[PDB]
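Now for the letters of each chain:
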Amino acid sequence: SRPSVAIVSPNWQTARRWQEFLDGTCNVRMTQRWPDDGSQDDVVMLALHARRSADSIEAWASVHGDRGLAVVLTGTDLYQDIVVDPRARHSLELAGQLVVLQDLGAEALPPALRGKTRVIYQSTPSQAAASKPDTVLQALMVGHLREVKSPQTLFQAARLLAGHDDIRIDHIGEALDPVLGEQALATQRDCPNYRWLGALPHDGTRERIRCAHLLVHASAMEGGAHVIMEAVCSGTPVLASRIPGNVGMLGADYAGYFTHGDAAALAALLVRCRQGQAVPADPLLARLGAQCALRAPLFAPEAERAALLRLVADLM
């Protein structure tokens, strides 16, 4: 009496968020491998992480072709796995529909794959803006220490700013690359205003996003950073590396980009934002705030719910 939908994945994460969106009208179940026990009636498969879920994508195609099959793509899929893992790339060719997370994710793809790609922004409930002090600027960057996140840009910005005792930098992220972890420790040793907080639970990170004056996201590539959505929907504006995955989140006209790898430009934007605290002496910080507020409707849960049900309907 209800269509059976399988979500293949290895409350805020996509598999659970999408299961809750779909739970009203479909029989949804998350599963790690598709041909499982309750598979006999499935009409739709929504597969996350093509590389780890390729066997389940290929199992589906052997039974259905691309009928009812969609694959969701992140930055790891777009710029690493589909140019390196031939089974991962072939999952994209098996898919009926491909999903990217912001309106530039499709330009990373060849024309034959682009023509079956649609955009579905992630969503999160909005959070009321926190009160924040005007005697210091507190910046925050979030992401496990891997080279693709470019934490070395933030390390160098902290050093350039060591003469600015009214600017602070907090840094959340597990030290998955121990060399980058040592550099976090060295930066903290040499720059008292820089703090590496290590691996934090999701709820603590979400609250520190809300409490910071700004989020810095410096990555070399992105499929659509979850933490930029969280910041935008919490009243915390962003300083972002000017890469397609960030522009898709924040907009071609956004005033808060810096050239990727350019630690001097990041530091200078930090000094400018400090100068926005109070009639503010520098208008940039307020401008970033107003622009992010205009981006926030893109991440409303109701928009993603509606887009997901449209996808499932298209696939039935």
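Residues numbered from 1 in each chain as written, not as in the entry; some residues may be left out. Heavy atoms only, no water.

Caption draft 1: Local environment of the overall build of the protein. Secondary structure assignment for the protein yields 13 helices and 12 strands. In terms of overall dimensions, the protein is globule-like: its C-alpha atoms have a radius of gyration of 21 Å, near the 20 Å expected for 316 residues. Dimensions of the protein, computed from the C-alpha atoms along their principal axes, are close to 65 × 40 × 35 Å. If you sum the accessible surface of the protein, you get close to 14000 Å²; carbon and sulfur atoms cover 52% of it. Averaging the locations of the 30 positively and 34 negatively charged side chains of the protein gives two centres separated by 2 Å. (Helix = DSSP H or I, 4+ residues; strand = E, 2+ residues; numbered from the N terminus. Rg over C-alpha atoms; globule rule 2.2 N^0.38 Å. Areas by Shrake-Rupley, 256 points an atom, 1.4 Å probe, with all protein chains shown as cover. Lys, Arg positive; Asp, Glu negative; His and termini not counted. Charge placed at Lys NZ, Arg CZ, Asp CG, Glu CD.)

Caption draft 2: Region of the structure containing the pattern of salt bridges. Within this structure, the stated rule accounts for 17 salt bridges. In this structure, the salt-bridge partner of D314 is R310, at a minimum N-O distance of 3.3 Å. In this pair, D314 and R310 are both assigned in helix α13 (residues 301-315), four residues apart and thus about one turn of the helix distant. Residue class for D314 comes out partly exposed when judged on its relative accessible area of 39%. Among the residues examined, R310 registers a relative accessible area of 51% and is labelled exposed. Ionic contacts of the salt-bridge type, sharing partners, join the residues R29, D36 and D42 into one network. (Salt bridge = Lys/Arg side-chain N within 4 Å of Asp/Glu carboxyl O. Buried < 20%, exposed > 50% of the residue type's maximum accessible area, 1.4 Å probe, protein only.)

Caption draft 3: View of the side chain of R118. Relative to the elements of secondary structure, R118 occurs in strand β6 (residues 117-119). Within polar-contact distance, the side chain of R118 engages the side chain of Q97 at 2.9 Å. Setting aside residues no more than four positions away along its own chain, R118 makes contact with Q97, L98, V99, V100, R310, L311 and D314. (Polar contact = N/O pair within 3.5 Å; in protein donor to acceptor, adjacent residues only side chain to side chain. Contact = heavy atoms within 4.5 Å.)

Caption draft 4: A look at the packing of helix α1 (residues 14-22) against α13. Here α1 crosses α13 at 75 degrees, and the two axes come no closer than 10 Å. Overall, the two elements α1 and α13 adopt an arrangement that is roughly perpendicular. Residue-level contacts link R17, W18, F21 and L22 of α1 to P301, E304, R305, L308, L309 and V312 of α13. For the contact of α1 with α13, the per-class residue count stands at seven nonpolar, no polar and three charged. (Axes fitted to C-alpha atoms, helices over the stretch in contact; angles between N-to-C directions. Parallel < 35°, antiparallel > 145°, perpendicular 65-115°, else oblique. Nonpolar A, V, L, I, M, F, W, Y, C, P; charged D, E, K, R; others polar.)

Caption draft 5: Broad picture of α1. The buried fraction of α1 is high, at seven of nine residues. In this fold, the buried residues of α1 make contact with β1 (4-8), β2 (27-31), β3 (42-48), β4 (69-72) and α13.

Caption draft 6: Examining unusual backbone geometry more closely. Even without a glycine there, the phi angle at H49 is positive, about 60 degrees. Here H49 is to be found in the loop between β3 and α2 (54-64). Phi angles above zero are rare outside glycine, and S150 is one such case at about 55 degrees. Relative to the helices and strands, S150 resides in the loop between β7 (137-142) and α6 (151-160). Among the residues examined, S150 registers a relative accessible area of 7% and is labelled buried.

Caption draft 7: Just the sheet that holds strand β12 (residues 257-258), in detail. One open sheet holds the six strands; their spatial order is β9-β8-β7-β10-β11-β12, and the pairing between them is parallel. Edge positions in the sheet fall to β9 (194-198) and β12, since each has one partner strand and no second. As defined by bridge partners, strand β11 (residues 238-241) adjoins β12 across two bridges and the pair is classed as parallel. If you follow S241 over to β12, its bridge partner there is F258. Against the sheet, α6 engages β7, β8 (167-172), β9, β10 (214-217) and β12, with an angle of about 155 degrees to β8. (Pairing = 2+ DSSP bridges.)

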